[PDB]
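Asks: no sequence on this one, just coordinates:
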Ligand SMILES: Cn1c(=O)c(-c2c(Cl)cccc2Cl)cc2cnc(Nc3cccc(CO)c3)nc21
């Protein structure tokens, strides 16, 4: 059937022009909104707007539960860490489209197999067994291993619904009615200011709300934050859902991250569940968010684990309050007297109050060390008076217990004295993705410890 789609995720209607759909249901798509992120569809139940990536053409690989599309080798190992023998998925290379691999779990290890393509287009893992389509290849290996360590029996679940950047398919419908928001308890014991957990009645949706109470944050500052957040769109940066700027108290409403900040999460987690592959997954997400800020000409200035928030299934998002606009390559100078979190501050910032995307790279290195140590305080017992002097003499924190060598080298690259000698976030993200190609991070941690 021409133009037929199938729902990949459930979606509940609440914005009156939106439509409720159930995973597996068929839909006909009528058209798209202004940015293609939402589409008007018809089902046997009705007609209305639904998120475009919650559905897929009946004729596309994404309809298969085992096809996870653009997922990296490391992300695949995370997805399969919750599985059993025979759990598997098929993924595609993000950089080089068309290149696919099978990731399969067996006896606690994940095996990765490249899917080869013959001159006539047939696909195979083992040359003796070639197929016309991907689905036929998977079906074959679902019954006999035929070259694989075991059979493909349990597709890795797609546990996370795609991010929706807002709540409406329409153009700028950010303003919302304050009466539809129920404010609850403050979040973070006040470390983030006037931020409260709240419920957005209209959707019984839990949210985070920052309110401009009198004699707190300056108005221009609050509004600039709201303005900046309207432009930020990335899976790993806290997403804006709406604002209330018609009258005081002004509100900034965002998605709610259920587990709190990364620092507390790492300090209180079960290290068996949150193993090295999970830490790598979280660090990679943070680098992706920073690569986005880098390309969009923003600087953060407060990158640290306490400013990264954790959601379900180890999703991590960087808090995006306080961002500043700065053409990537230029320098921002803070007015003398500014007080900074010394342990996460680059040398040029400490000495000259100069900040750039490169000082964020330095902070990312400290954040990486916090991740690798499950939240230890940086520089143990070093006085917060001799840090600059020590750094100037090339002292740097020591490699964390069990930390793989390549991860520590990345930390050291981030801590180069001269900002121009530090890698870009694009380079950092790419480095994580290509870091454990001939053995797992699990294996490397072993070599580090056994030693
Ligand atoms: C602390 N905090 C914020 O400052 C913002 C936010 C806002 Cl409301 C406006 C602009 C920018 C940001 Cl980052 C969003 C936000 C979302 N989720 C959370 N979750 C959270 C934080 C601390 C503890 C707990 C546990 O109850 C859960 N905390 C959040």
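Replies: Received the coordinates, thanks. Numbering: from 1, shown residues only.

Asks: right, is the longest helix along the chain up against the ligand?
Replies: As assigned by DSSP state H, the longest helix anywhere in the chain is helix 276-295. No: counting by C-beta under 6 Å from any ligand atom, no contacts exist between helix 276-295 and the ligand, the nearest distance being 11.6 Å. (Each C-beta comes from the backbone N, C-alpha and C, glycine too.)

Asks: so which elements touch that helix?
Replies: On a contact count with 3 or more C-beta pairs under 8 Å, 6 or more residues apart in numbering; DSSP states H and E, helix 276-295 meets helix 73-79, strand 308-310, strand 316-318, helix 357-372, helix 425-433, helix 441-450.

Asks: for those, give me TSV that also has distance to residue 398 and mean neighbour count.
Replies: Converted to TSV, those look like this (distance: least, C-beta to C-beta, whole Å; neighbours: other C-beta atoms under 10 Å):
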stretch	distance to residue 398	mean neighbour count
helix 73-79	25	22
strand 308-310	23	25
strand 316-318	25	25
helix 357-372	9	25
helix 425-433	21	19
helix 441-450	13	15
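
Asks: nearest to residue 299, of those?
Replies: Taking C-beta to C-beta, helix 357-372 is the member of these nearest to residue 299, at 5.6 Å.

Asks: which ones are touching the residue lying farthest from the centre of the chain?
Replies: Largest separation from the mean C-alpha position in the chain: residue 128, at 39.7 Å (C-alpha atoms, centre = their mean). Counting by C-beta atoms under 8 Å, 6 or more residues apart in numbering, residue 128 touches 146-147.

Asks: residues in contact with residue 90?
Replies: By C-beta under 8 Å, 6+ apart, residue 90 lies in contact with 64, 66-68, 100-103, 115, 134, 138.

Asks: let me have the helices and strands packed on helix 276-295 in JSON lines, extended by distance to residue 164.
Replies: JSON lines is the format used below for the helices and strands packed on helix 276-295 (distance: least, C-beta to C-beta, whole Å):
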{"stretch": "helix 73-79", "distance to residue 164": "21"}
{"stretch": "strand 308-310", "distance to residue 164": "17"}
{"stretch": "strand 316-318", "distance to residue 164": "14"}
{"stretch": "helix 357-372", "distance to residue 164": "27"}
{"stretch": "helix 425-433", "distance to residue 164": "23"}
{"stretch": "helix 441-450", "distance to residue 164": "32"}
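
Asks: ok, which of these comes nearest residue 191?
Replies: Closest to residue 191 of the helices and strands packed on helix 276-295, according to C-beta to C-beta: strand 308-310, at 12.3 Å.

Asks: and that closest one, is it in reach of the ligand?
Replies: Yes: judged by C-beta under 6 Å from any ligand atom, strand 308-310 and the ligand are in contact via residue 309.

Asks: show me what that strand is packed against.
Replies: Packing partners of strand 308-310 (3+ C-beta pairs under 8 Å, 6+ apart): helix 262-268, helix 276-295, strand 316-318.

Asks: hang on, the earlier thing: quick check: the residue farthest from the centre of the chain vs residue 137, distance?
Replies: With the distance defined as C-beta to C-beta, to the nearest Å, residue 128 ends up 13 Å from residue 137.

Asks: three-state assignment of the residue in the stretch 51-200 of the chain that the ligand sits nearest to?
Replies: Nearest residue of the stretch 51-200 of the chain to the ligand (C-beta to the nearest ligand atom) works out as residue 192 at 3.6 Å. Secondary structure, DSSP: H, G, I helix; E, B strand; the rest coil: residue 192 is coil.

Asks: burial count for it?
Replies: Other residues near residue 192 come to 17 when the count uses other C-beta atoms under 10 Å.

Asks: so what sits against both of residue 128 and residue 137?
Replies: Common contacts of residue 128 and residue 137 (C-beta under 8 Å, 6+ apart): none found.

Asks: give the contact list for whatever residue of the stretch 1-150 of the chain ends up closest to the ligand.
Replies: Distances between the stretch 1-150 of the chain and the ligand by C-beta to the nearest ligand atom are smallest at residue 14, namely 20.1 Å. Contact analysis of residue 14 by C-beta under 8 Å, 6+ apart lists 167, 202-203, 205.

Asks: and residue 153, how far from residue 87?
Replies: Using C-beta to C-beta, residue 153 is found at 8 Å from residue 87.

Asks: tell me which of those two has more neighbours.
Replies: Taking other C-beta under 10 Å, residue 153 and residue 87 do not tie; residue 87 has more neighbours (22 against 15).

Asks: check contacts around the more buried one.
Replies: Contacts of residue 87 were listed using C-beta under 8 Å, 6+ apart, and they are 80, 104-105, 153-156.

Asks: wait, residue 217 touches residue 211, no?
Replies: No: between residue 217 and residue 211 there is no contact under C-beta atoms under 8 Å: 9.5 Å.

Asks: quick one: which of those two has more around it?
Replies: residue 211 (23 against 17).

Asks: ok, the more buried one to residue 222 distance?
Replies: Taking C-beta to C-beta, one finds residue 211 at 9 Å from residue 222.

Asks: now do the shared contacts for the two.
Replies: Common neighbours of residue 211 and residue 222 (C-beta under 8 Å, 6+ apart) are residue 250.

Asks: what residues go with each domain of the protein?
Replies: Domain ranges of the chain: 3-65, 66-167, 179-264, 265-439, per curated CATH domains.

Asks: let's have the ones you listed in a markdown table, adding distance to residue 447.
Replies: Shown next, in a markdown table, are the domains of the chain (distance: least, C-beta to C-beta, whole Å):
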| stretch | distance to residue 447 |
| --- | --- |
| domain 3-65 | 35 |
| domain 66-167 | 15 |
| domain 179-264 | 27 |
| domain 265-439 | 8 |
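
Asks: about what we covered before: what touches both of residue 217 and residue 211?
Replies: residue 194.

Asks: point out the most buried one among the helices and strands packed on strand 308-310.
Replies: Of the helices and strands packed on strand 308-310, the one with the most neighbours on average (mean count of other C-beta atoms under 10 Å) is strand 316-318, at a mean of 25.

Asks: looking at the stretch 351-451 of the chain, which residue is nearest the ligand?
Replies: Closest to the ligand within the stretch 351-451 of the chain is residue 375: 14.7 Å, counting by C-beta to the nearest ligand atom.

Asks: what's the burial count for that residue?
Replies: Residue 375 has 18 nearby residues by other C-beta under 10 Å.

Asks: check which helix or strand it maps to.
Replies: Using DSSP states H and E, residue 375 maps to neither a helix nor a strand.

Asks: on the three-state scheme, residue 183 is what?
Replies: Residue 183 - assigned by three-state DSSP - is strand.

Asks: so what sits opposite it in the bridge?
Replies: residue 198 (DSSP bridges).
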